[PDB]
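Only one structure is covered here, and it is reproduced in the block below.
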Amino acid sequence: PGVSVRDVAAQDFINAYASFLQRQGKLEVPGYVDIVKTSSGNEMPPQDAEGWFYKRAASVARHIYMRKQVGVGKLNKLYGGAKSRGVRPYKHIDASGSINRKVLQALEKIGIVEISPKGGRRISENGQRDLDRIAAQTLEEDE
Amino acid sequence: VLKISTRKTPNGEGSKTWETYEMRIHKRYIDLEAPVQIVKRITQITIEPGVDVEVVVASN
Amino acid sequence: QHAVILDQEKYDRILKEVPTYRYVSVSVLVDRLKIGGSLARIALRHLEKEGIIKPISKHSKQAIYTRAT
Amino acid sequence: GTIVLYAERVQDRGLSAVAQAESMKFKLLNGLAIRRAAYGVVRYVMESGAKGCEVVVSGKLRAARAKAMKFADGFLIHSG
Amino acid sequence: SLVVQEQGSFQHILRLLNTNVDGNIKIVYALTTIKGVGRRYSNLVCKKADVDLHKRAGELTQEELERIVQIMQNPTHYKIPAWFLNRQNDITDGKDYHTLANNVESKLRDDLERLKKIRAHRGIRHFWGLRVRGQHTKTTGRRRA
Amino acid sequence: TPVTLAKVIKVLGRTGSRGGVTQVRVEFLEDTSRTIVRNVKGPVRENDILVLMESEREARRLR
Amino acid sequence: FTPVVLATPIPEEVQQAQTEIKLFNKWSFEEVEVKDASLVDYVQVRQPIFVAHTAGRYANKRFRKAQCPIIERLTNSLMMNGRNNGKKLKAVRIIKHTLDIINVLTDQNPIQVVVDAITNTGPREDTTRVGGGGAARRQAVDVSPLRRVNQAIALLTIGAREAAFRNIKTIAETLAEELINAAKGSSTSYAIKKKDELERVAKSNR
Amino acid sequence: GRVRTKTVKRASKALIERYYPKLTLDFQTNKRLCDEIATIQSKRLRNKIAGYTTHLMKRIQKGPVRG
Amino acid sequence: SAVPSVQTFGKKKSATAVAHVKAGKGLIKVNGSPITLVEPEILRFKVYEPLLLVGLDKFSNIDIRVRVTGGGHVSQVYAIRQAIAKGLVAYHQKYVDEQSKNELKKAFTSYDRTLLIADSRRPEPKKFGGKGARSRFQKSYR
RNA sequence: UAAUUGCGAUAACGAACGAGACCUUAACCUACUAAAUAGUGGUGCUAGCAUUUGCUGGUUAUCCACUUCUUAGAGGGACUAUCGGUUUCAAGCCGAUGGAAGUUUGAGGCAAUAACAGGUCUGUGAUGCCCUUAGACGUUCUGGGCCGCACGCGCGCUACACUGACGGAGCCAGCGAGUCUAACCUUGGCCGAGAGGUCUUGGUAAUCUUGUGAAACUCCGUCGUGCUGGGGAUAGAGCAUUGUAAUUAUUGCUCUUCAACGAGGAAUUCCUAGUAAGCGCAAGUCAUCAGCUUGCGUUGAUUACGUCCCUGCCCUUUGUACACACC
Ligand SMILES: [Mg+2]
Ligand SMILES: [Mg+2]
Ligand SMILES: [Mg+2]
Ligand SMILES: [Mg+2]
Ligand SMILES: [Mg+2]
Ligand SMILES: [Mg+2]
Ligand SMILES: [Mg+2]
Ligand SMILES: [Mg+2]
Ligand SMILES: [Mg+2]
Ligand SMILES: [Mg+2]
Ligand SMILES: [Mg+2]
Ligand SMILES: [Mg+2]
Ligand SMILES: [Mg+2]
Ligand SMILES: [Mg+2]
Ligand SMILES: [Mg+2]
Ligand SMILES: [Mg+2]
Ligand SMILES: [Mg+2]
Ligand SMILES: [Mg+2]
Ligand SMILES: [Mg+2]
Ligand SMILES: [Mg+2]
């Protein structure tokens, strides 16, 4: 009786929406996406070649939904990793910005987000409504 | 807290000892609402060496 | 060398054995058979079809299954 | 005009190390005796109402191998 | 559930690009035995050859094989980008290449011979046998050979 | 095997030229009509219980 | 157990298996008795706790260490060898997994299984390096009840540690393959082999 | 370890001798009494005195103390 | 109107967990999210422990707001468990009667895993000569 | 006793320096004074799930109230308190109770007398003397050198993996720094696999960067003991950034080459609680470049609560043919 995504387990929520988004057929997976590493920090490309893009989109949705407005930068650092430099010590390195941007462009194409004042993206009432809906769905995954 | 950290030694001999200096900068502000005589009086009546003072107009 | 492909012969071994063991996990399969470990992990998803084995804790690192029911 | 130099006298030069330090300098420069320059400074501070005074001259006193001499009178602390 | 069988179909150890390739090890990594295919290249070729990565190279139809071998020597033609490659912009031909097999050692030799023939600094060290990138030689890389 | 329980009564002090072995006096637990001095490897306080193998011996100073 | 509701859910496996008895992860602390006296007061299994992790403040005084639940002292002594230090979170999971393996392997309380293991593993008498003279002999002495608990865990954790190294098995498994072979000293246990040999050396050089 | 210095104990004796009726067996009241009949340059010191002075009282009042 | 609320907090290292306790239908929320979700994980019952030591039912008549800053994934937990705990008793201090309160108060401290008294350990400063506060750079002599 | 710290013994009595006091910093404060450059409750305006009121957000001031959380002024606070065991029943030590705190509360700053041919004239427009001063040892300009590699040695870094690697995903710090007659920290938008590019922006700063969304770490999945997808040396090819200038690879990026290393002989360093260890981060340096250092916080233990066996020191006893003092 009155659900937010905030009542949902993160790996629960974000798994579901990634499947719904993929099934929805409507999004915009970029022309690469099969060749890309998501960060220079990383070693290899994502193992779920199929739906990792769906996985991240999902994540970003829920992440901006919980904030006020988040930019392409932040998304690089949030999804930032630790980079091995071989015989040198590890440091933190940001992610590919095309990835997190193209998400944040193909997430207004379905109006989940929008540009914000102050900069970066905010969550749309279109999207806010969308997630709280499929929040409650994975909520009542109890038969 | 300003922090300057260097070696006690000149040259480079002896145990690798270090020193660390500080400068402590203290700030505060008070807001007033007063006109013609109380404005130019208070900037100057309250004055003292070592104490930096500054008053601001308003708006932007 | 182990075994990373079902031999049918190797397959028969499984369900006509695994309910012997009151404890089975990734390793438990590997040493009693000569399973891959990769396929051990799929054989365990599989062996929770119609619970040939029953769970008590499923975890990324460690899987703990017991005899039948 | 926005900057103006002022002039003070002093708060009894016997209590200021710098005014004393330079006094040892000048006195020594004016040819004076090592030990005398020392005590004469010491006794000015001491008779300026201090609690103590210590003057330490290092360098070549009687030439060649350098040494150091300490002339103190009264009370000092060193610690905290 | 990838619990299936396969009869005589499975064939351990097959041969590509003049190399011998294990079959009971993963495609992505089975192929990486060849001089020139690392994980990132072998991950991509396979993608472009409609190959189910959930497999061992002891599977993979001899059809799926040529489909991979083909993409490997014409990658730039299968929506593989030039940067992904191990020899872009040649020095004698100017074309984007990606060498493999015994053919990588060959163009490693050519390259050395090249700037050795020219008797430049870099080339000399290679011939001598010193370290050619500006590292100190004073205290490291000892025992040699 | 004739294992014997014994309760600590008093901590005399520390021998061993290292300072590792501690002297103690034990109350033979089952039969309290006995009281003997033993050497210990670990940290011992008063009142805790020790488990004696050869139940005679009774040693003294050490290095 | 009188299931009470409130605004934000709070499950039945929570509500019940808590406010009733304070089960462990969910094992009962009651009825677990320290078989073998003398080592009591030191194998702390009497103040129940849900998880093996507390704001432990046990190393100021000398035997405050003994008011630490022998579970946690076990789960602490896990996290070591450089690449493991600090990682208590990991160790705790390794433990939770260990007890579950054990309860599957021999019914019973795995918390009683763990205790039984500690007791029969702690060396009763040890050998100290005496002065001796040149080729310095080695004196035979008994060891404190506090070290018996200490050395137990040590051997035991090193038991599972060294075992599961370059081996398929997981720590959780070899932790059970080292506790079960010790709670009934099969002598197929690193600790138990180690213990019987300390005493062999102790019954001797006295 | 915790050994009180001379300047401490020196003061306690001095305080006690010329203020036994005024002082009690209680730390806090004594602590306060110090601010009246003595001028101590810091709080920790003043408490430390007040603390040893209160210590002697608690044994003085059980038999005469040597000094 | 303004509701009868009370406010306490929990600290553990650099973590400081603000708590809000008003009469309510029994919500117990950390950072705008159900306590049943606090998924630093194996430590879940570390945040539950104030709720079950005193009885789940004492909370049916109170709404809890907790939110945390600073520290880490593990220091925060201890900082909120201590906020709730310090809150239940504070509500009961201001709004109920004493004898009830020290049922609650005595319940915790008999079990106290810090719960209502703040663990005061802090980091020690590094000294020059070593990467640690006690750890010294390796020396070599001759 | 950490202490020439104290009780005491006392031909000594009474004192000063050093130790202690002192200062800093870190812990407690619902007690005081305050806060649009710090927060919170309510109230408008507005969004979504629910609709049974509710749960969750947005709004730089809509308007009001406050100071718990933050900041920093003023004070409070501990004195080893209280009881108990020891002891010349003295200094004190130990234990238990409470207490924010009971190891000098933790950690530092400061630190006497006397001394060493210890280092520094290459920090100084500090300096004696010698040297040289226009074929200059001064100065500036062009290029090279300090990094040259059969090898000895020290400080490190990264590792040998399954308590792991890789991929997703969860996501939490504290110490800090930053542009005027200038180009520092840089959000955001776009572009680019990346590195980086481009158009704008805020900030001389509790206000903008920045909640510095740090790594360790947590979940889920792949890998399955094989020099393996552990390890990332050496090397080829290409793209960018700093700079006049990158060759003897400044750095960064991408593909490819895939070494030694399977726990390290004799030896040997460092450490007792938020410590060790692991983890990264800011600051110094800096046009560019950290595998270095100065600090910071995150995760967080095993073992001691001791002794003089080894190794140093310190007092006393003792020997001396040493006093330029066992070189
Ligand atoms: Mg991160
Ligand atoms: Mg990540
Ligand atoms: Mg590395
Ligand atoms: Mg490091
Ligand atoms: Mg003094
Ligand atoms: Mg001092
Ligand atoms: Mg290859
Ligand atoms: Mg003295
Ligand atoms: Mg405000
Ligand atoms: Mg408001
Ligand atoms: Mg207490
Ligand atoms: Mg120089
Ligand atoms: Mg050099
Ligand atoms: Mg060194
Ligand atoms: Mg790798
Ligand atoms: Mg990971
Ligand atoms: Mg390899
Ligand atoms: Mg340097
Ligand atoms: Mg003599
Ligand atoms: Mg003599």
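Chain identifiers are assigned as A, B, and so on, following the order in which chains appear in the structure tokens; residues are numbered from 1 within each chain, and ligands are numbered from 1 in order of appearance.
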
With 8 Å as the limit and counting only C-alpha atoms (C1' of nucleotides), what residues in chain J lie close to chain D? Please list them as a PDB file with N, CA and C atoms (P, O5', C5', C4', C3', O3' and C1' of nucleotides), in the first residue's frame.
ATOM      1  P     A J  16      62.497  24.843  44.165  1.00  0.00           P
ATOM      2  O5'   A J  16      63.448  25.359  43.001  1.00  0.00           O
ATOM      3  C5'   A J  16      63.566  26.745  42.738  1.00  0.00           C
ATOM      4  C4'   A J  16      64.674  27.016  41.757  1.00  0.00           C
ATOM      5  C3'   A J  16      64.703  26.133  40.519  1.00  0.00           C
ATOM      6  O3'   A J  16      63.779  26.503  39.515  1.00  0.00           O
ATOM      7  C1'   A J  16      66.833  26.158  41.455  1.00  0.00           C
ATOM      8  P     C J  17      63.259  25.402  38.469  1.00  0.00           P
ATOM      9  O5'   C J  17      64.542  25.096  37.593  1.00  0.00           O
ATOM     10  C5'   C J  17      65.054  26.037  36.668  1.00  0.00           C
ATOM     11  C4'   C J  17      66.045  25.358  35.766  1.00  0.00           C
ATOM     12  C3'   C J  17      65.505  24.170  34.983  1.00  0.00           C
ATOM     13  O3'   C J  17      64.777  24.540  33.820  1.00  0.00           O
ATOM     14  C1'   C J  17      67.515  23.547  36.033  1.00  0.00           C
ATOM     15  P     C J  22      49.241  21.215  33.501  1.00  0.00           P
ATOM     16  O5'   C J  22      50.140  22.204  32.644  1.00  0.00           O
ATOM     17  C5'   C J  22      50.192  23.585  32.950  1.00  0.00           C
ATOM     18  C4'   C J  22      51.102  24.314  31.998  1.00  0.00           C
ATOM     19  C3'   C J  22      50.645  24.368  30.553  1.00  0.00           C
ATOM     20  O3'   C J  22      49.688  25.375  30.320  1.00  0.00           O
ATOM     21  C1'   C J  22      52.913  23.736  30.632  1.00  0.00           C
ATOM     22  P     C J  23      48.290  24.980  29.660  1.00  0.00           P
ATOM     23  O5'   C J  23      48.609  24.859  28.109  1.00  0.00           O
ATOM     24  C5'   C J  23      49.000  25.996  27.357  1.00  0.00           C
ATOM     25  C4'   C J  23      49.659  25.600  26.059  1.00  0.00           C
ATOM     26  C3'   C J  23      48.821  24.772  25.102  1.00  0.00           C
ATOM     27  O3'   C J  23      47.918  25.552  24.345  1.00  0.00           O
ATOM     28  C1'   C J  23      50.969  23.817  25.287  1.00  0.00           C
ATOM     29  P     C J 110      59.663  20.505  18.993  1.00  0.00           P
ATOM     30  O5'   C J 110      59.855  21.131  20.440  1.00  0.00           O
ATOM     31  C5'   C J 110      59.620  22.515  20.659  1.00  0.00           C
ATOM     32  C4'   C J 110      59.491  22.846  22.123  1.00  0.00           C
ATOM     33  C3'   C J 110      60.712  22.586  22.982  1.00  0.00           C
ATOM     34  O3'   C J 110      61.724  23.568  22.826  1.00  0.00           O
ATOM     35  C1'   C J 110      58.775  21.840  24.109  1.00  0.00           C
ATOM     36  P     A J 111      63.248  23.131  22.562  1.00  0.00           P
ATOM     37  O5'   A J 111      63.670  22.357  23.893  1.00  0.00           O
ATOM     38  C5'   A J 111      63.871  23.057  25.111  1.00  0.00           C
ATOM     39  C4'   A J 111      63.794  22.140  26.305  1.00  0.00           C
ATOM     40  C3'   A J 111      64.952  21.169  26.475  1.00  0.00           C
ATOM     41  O3'   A J 111      66.036  21.749  27.166  1.00  0.00           O
ATOM     42  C1'   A J 111      62.921  19.987  26.635  1.00  0.00           C
ATOM     43  P     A J 112      67.527  21.629  26.592  1.00  0.00           P
ATOM     44  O5'   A J 112      68.405  22.172  27.786  1.00  0.00           O
ATOM     45  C5'   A J 112      67.845  23.075  28.715  1.00  0.00           C
ATOM     46  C4'   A J 112      68.371  22.794  30.088  1.00  0.00           C
ATOM     47  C3'   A J 112      69.880  22.699  30.180  1.00  0.00           C
ATOM     48  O3'   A J 112      70.505  23.964  30.237  1.00  0.00           O
ATOM     49  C1'   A J 112      68.895  20.883  31.327  1.00  0.00           C
TER      50        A J 112
END

Given 10 Å and only C-alpha atoms (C1' of nucleotides) and all ligand atoms, residues near ligand 16 as JSON, numbers by chain: {"A": [81, 82], "J": [165, 166, 167, 168, 169, 217, 218, 219]}

Proximity of chain E to ligand 17: per-residue shortest pair, 12 Å limit, only C-alpha atoms and all ligand atoms, as a tab-separated table:
residue	atom	partner	partner_atom_place_in_ligand_line	distance
E:29	CA	ligand 17	1 (Mg)	10.5
E:32	CA	ligand 17	1 (Mg)	10.2
E:33	CA	ligand 17	1 (Mg)	10.2
E:38	CA	ligand 17	1 (Mg)	10.6
E:39	CA	ligand 17	1 (Mg)	10.9

Expected answer as a ChimeraX atom specification: strand (DSSP E) residues in chain C: /C:53-58,63-67

Considering only C-alpha atoms, give me a table of residues in chain A that are at most 9 Å from chain I, with the closest atom pair and distance in Å for each, as a tab-separated table.
residue	atom	partner	partner_atom	distance
A:6	CA	I:33	CA	5.4
A:7	CA	I:33	CA	5.9
A:8	CA	I:37	CA	7.8
A:9	CA	I:37	CA	6.5

Neighbouring residues of segment 35-52 of chain C were defined as those with any atom within 9 Å, considering only C-alpha atoms (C1' of nucleotides); residues of the same chain fewer than 3 positions away were excluded. Please report them as a PyMOL selection string. (chain C and resi 2-6+14-15+18-19+24-27+29-32+55+63+65+67-69) or (chain E and resi 1-3) or (chain J and resi 222-224)

Can you list, as an MDAnalysis selection string, every protein, DNA or RNA residue that comes within 6 Å of segment 8-22 of chain B when you count only C-alpha atoms (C1' of nucleotides), leaving out same-chain residues fewer than 4 positions away? (chainID B and resid 2:4) or (chainID J and resid 119:120)

For N, CA and C atoms (P, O5', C5', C4', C3', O3' and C1' of nucleotides), I'd like the residues from the last selection saved as a PDB file, in the first residue's frame.
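For reference, result06.pdb as written:
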ATOM      1  N   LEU B   2      46.550  26.109   8.383  1.00  0.00           N
ATOM      2  CA  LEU B   2      47.592  26.101   7.368  1.00  0.00           C
ATOM      3  C   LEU B   2      48.675  25.129   7.835  1.00  0.00           C
ATOM      4  N   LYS B   3      49.248  24.356   6.920  1.00  0.00           N
ATOM      5  CA  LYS B   3      50.212  23.333   7.313  1.00  0.00           C
ATOM      6  C   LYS B   3      51.459  23.355   6.442  1.00  0.00           C
ATOM      7  N   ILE B   4      52.597  23.667   7.051  1.00  0.00           N
ATOM      8  CA  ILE B   4      53.869  23.607   6.348  1.00  0.00           C
ATOM      9  C   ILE B   4      54.773  22.550   6.966  1.00  0.00           C
TER      10      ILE B   4
ATOM     11  P     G J 119      81.666  14.368   9.415  1.00  0.00           P
ATOM     12  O5'   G J 119      80.139  14.548   8.988  1.00  0.00           O
ATOM     13  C5'   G J 119      79.806  14.764   7.622  1.00  0.00           C
ATOM     14  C4'   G J 119      78.452  15.412   7.415  1.00  0.00           C
ATOM     15  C3'   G J 119      78.457  16.797   6.800  1.00  0.00           C
ATOM     16  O3'   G J 119      78.695  16.784   5.408  1.00  0.00           O
ATOM     17  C1'   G J 119      76.893  16.717   8.563  1.00  0.00           C
ATOM     18  P     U J 120      79.775  17.793   4.782  1.00  0.00           P
ATOM     19  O5'   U J 120      78.944  19.123   4.518  1.00  0.00           O
ATOM     20  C5'   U J 120      77.770  19.086   3.726  1.00  0.00           C
ATOM     21  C4'   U J 120      76.811  20.192   4.081  1.00  0.00           C
ATOM     22  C3'   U J 120      77.383  21.595   4.092  1.00  0.00           C
ATOM     23  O3'   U J 120      77.488  22.153   2.797  1.00  0.00           O
ATOM     24  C1'   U J 120      76.090  21.263   6.033  1.00  0.00           C
TER      25        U J 120
END

Between atom CA of residue 7 of chain G and atom CA of residue 27 of chain I, what is the distance, to one decimal in Å? 4.6 Å
